[PDB]
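The same protein chain appears twice below, in two forms, each given on its own as structure tokens and labelled structure 1 and structure 2.
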Structure 1
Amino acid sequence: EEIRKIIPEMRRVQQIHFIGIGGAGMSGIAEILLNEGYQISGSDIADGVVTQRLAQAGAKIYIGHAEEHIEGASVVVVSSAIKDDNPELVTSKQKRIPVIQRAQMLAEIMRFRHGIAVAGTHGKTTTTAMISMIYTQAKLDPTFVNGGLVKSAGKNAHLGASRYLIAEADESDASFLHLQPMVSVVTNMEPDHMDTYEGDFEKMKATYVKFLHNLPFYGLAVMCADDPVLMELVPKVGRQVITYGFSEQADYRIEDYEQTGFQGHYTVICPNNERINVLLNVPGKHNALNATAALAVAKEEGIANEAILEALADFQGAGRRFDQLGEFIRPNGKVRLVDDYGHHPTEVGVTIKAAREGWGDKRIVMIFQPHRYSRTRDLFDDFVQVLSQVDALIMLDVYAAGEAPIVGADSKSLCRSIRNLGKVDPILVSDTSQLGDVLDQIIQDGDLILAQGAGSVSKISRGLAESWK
């Protein structure tokens, strides 16, 4: 093989089986290994768009779990969600077949590659997408594995013939400590409650320091200068650190930012005082940060300005990140529908701000679906404050993602709390078939409607668009 001329095959691995292949992060890795020539099989509790598109591709997909699904596997990859009583997990274990976590299989894909890893609380998929598009435009034909669809490629993952790997690195459960990258980005590290001691936050800080310590002596850490937690960690990294951001002390410093429409314009001053005027095809200061992490990696690796500026000027985004669905003429006015993945209050907040800066004096209307009861409970007051910043609000019920309900942490509670704040009067919509009709009555001409959240909400907005189309 042409890829084998670069990447060696794993000893005796003929078939890789994925238990929970529709789970987060699973499909992307499966795609790379399928394209490298391995036989791939996988199972999932539900049918869906991920699971069905891997089948087109050549993998055998099974709905439901049964021990016979593991027939012939050389190794089994399990998602975070899998429980000890999984008939396939149990059987694998008996046949004495190696069982690995998803981050471990990613590390093996990174092993003989030049890995560029992207981690942090917020912006990982976006930054990963931007780096991947720069490397692509520079003609470096990178492999990438992202936690969202890269729109220009039509996939969340792609196998390239070079040695480059661009990959999103998930800190959850220290997953990422098996990764051995050449360059590591950390976009930010945001505590749930900044003025209160939280043991899980300090532990998480310690895990990011260990992650950076996986860089070789000659490796590079790229960190946001505008995040005080990251800047405090600097002296403990012990590898070269390059910073980026609006801070006067940033190595790659952003100046003169403005947003026009949904595009950003700004200048980056490099460490040697080179000036780069950037046009970025997605909105908000938070995207200029993400794109500057990407420009900093590219410049540090010697990539030319032309390919960097072309990729950012034409950047189409990751799927669901401020993803414009179209304009729709309704009886009560012409409206613009946009999907956004933001699920944490900070992410929802940055999204609203970027919407506002491109939308003059027309209204912002949001359809919000909280993701998980646990996070809704943990940051409840912050969700109340941020959701009160829109002009009109429809709440959908919590997307459980597998969790058991928690009293006082559901949409009905969020709704009541927002109403009491009195900045906006929300409408709860528990029957989504009724969603279009409900919007129809509250809508006004020129409204920009944000379909917001990380769960099924984008499938819901999808239907709505089609029916209005």
Structure 2
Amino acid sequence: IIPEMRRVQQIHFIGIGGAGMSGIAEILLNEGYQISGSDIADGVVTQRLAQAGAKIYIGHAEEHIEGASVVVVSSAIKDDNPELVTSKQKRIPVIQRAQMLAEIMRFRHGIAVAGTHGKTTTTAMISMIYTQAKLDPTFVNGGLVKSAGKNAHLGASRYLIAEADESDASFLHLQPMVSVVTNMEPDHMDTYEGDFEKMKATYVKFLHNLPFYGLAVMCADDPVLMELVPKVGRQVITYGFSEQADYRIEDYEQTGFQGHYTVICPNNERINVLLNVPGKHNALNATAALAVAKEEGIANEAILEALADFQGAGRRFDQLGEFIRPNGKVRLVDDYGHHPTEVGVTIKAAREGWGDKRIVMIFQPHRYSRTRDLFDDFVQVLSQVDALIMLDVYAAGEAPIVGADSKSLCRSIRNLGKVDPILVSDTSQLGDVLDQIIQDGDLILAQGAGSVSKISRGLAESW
């Protein structure tokens, strides 16, 4: 094996239950490091880590860092966190989540997946292709890979597939061999001082982390990405529906919640793809995945097998089941989409699978900052469903911003006159409210990045 990180005996994670944090912790646990961590919440993730031998503390206290050789910190952690403050006082190395991810990547063949939307999905897809190819990859995904039942896996090969978060610009730590950029739209704009040009510059800097011989795989259908190509200074391979795409998608058809399409490769090789998840957005994600795999020299059959049986990522167009309600049989689908674009493509994918029956949405806005920044776009997109239940903003640690709450969204949606939303501030009433507005054959989308998935789970179990 590769020698242990020098003098690193115990790695302490502040926010260890995190989607990215937990996977990093699990990789290192399985490499033989002592793992400790704290989290304000105990759930399936922390329980799994504890059962595997991680020392897990619920709630934060300065004593929890005892023994730590290094402290890894989620960007969710406040500056005045007692563990964080004490670590700095005691001069224990304190590093970002992504810096520890970078260390996992350092001596590996890193395939980093960046972009505004679809990172978790694309990472899961590449992970499954490489697994299918018998390449035994390590992966660290920012979400549950359904065919793994977990977010991360330690393989014995040198491959690492990893999701690369731009939200705090922390992906600049990463030194990959191949970098995917799925798309670029304004999100997390506070980090970039509301300046989209600073986000662009940051992604260019990220791509400049590639070695001179490294590969950037970028969506041809994104005009921002295409504008940036001259700045990359590394080989760029593109994918998408665009006539100019190196890996070009043609003849896309969605049947039910499966996609069918052809991909045309740079050497004019034609590959007929069956994708086990719906929507053109997922065809894009899967073509990023196919492009990476083809450029790596992976055979078609492995790519196609993995895509045809792709079970998805948790919470990403995730079918929870069918339920017989007093007013009809309904389908409950959970989706992580939290940016207007994501909500949009999800609605469209649902429409192309359902057809005659209604799309009912339970939407929980994530962040006041995001609601403020993209208010008008949310109003437009949320008006495209047939029935809309609005939940209160999931604060995600943010103080309320005036005019950027669910009541304000409801008022503005109501003004458009396409749908009349019902605000459900008391989620214990959600079941009763739904049952009143449910019709036979409804597809219910539980939509958002916050506690909406927990709420939909509790709703599904009660049903």
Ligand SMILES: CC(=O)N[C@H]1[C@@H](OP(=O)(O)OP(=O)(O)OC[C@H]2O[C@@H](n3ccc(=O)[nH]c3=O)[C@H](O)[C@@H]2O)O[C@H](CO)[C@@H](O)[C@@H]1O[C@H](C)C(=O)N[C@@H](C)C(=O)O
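Residue indices: 1-based, along structure 1. If you superpose the two forms and keep the largest set of C-alpha atoms that fall within 1.5 Å, you have the rigid core.
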Does structure 1 or structure 2 depict the form solved in complex with the ligand? 2
Quick one: with the rigid core lined up, which of 61, 29, 50, 418 moves its CA 2 Å or more between the two structures? 50
Look at residue 81 and decide if its Cα position differs by 2 Å or more between the two structures after superposing on the rigid core. yes
Superpose on the rigid core, then tell me if the C-alpha of residue 112 is displaced by 2 angstroms or more between the two structures. no
Cα of residue 193 displaced 2 Å or more between the two structures, core superposed? yes
Superposed on the core, the Cα displacement of residue 70 between the two structures in Å comes to 1.2
Students should find the CA displacement of residue 146 between the two structures, rigid core aligned, in Å, to be 0.6
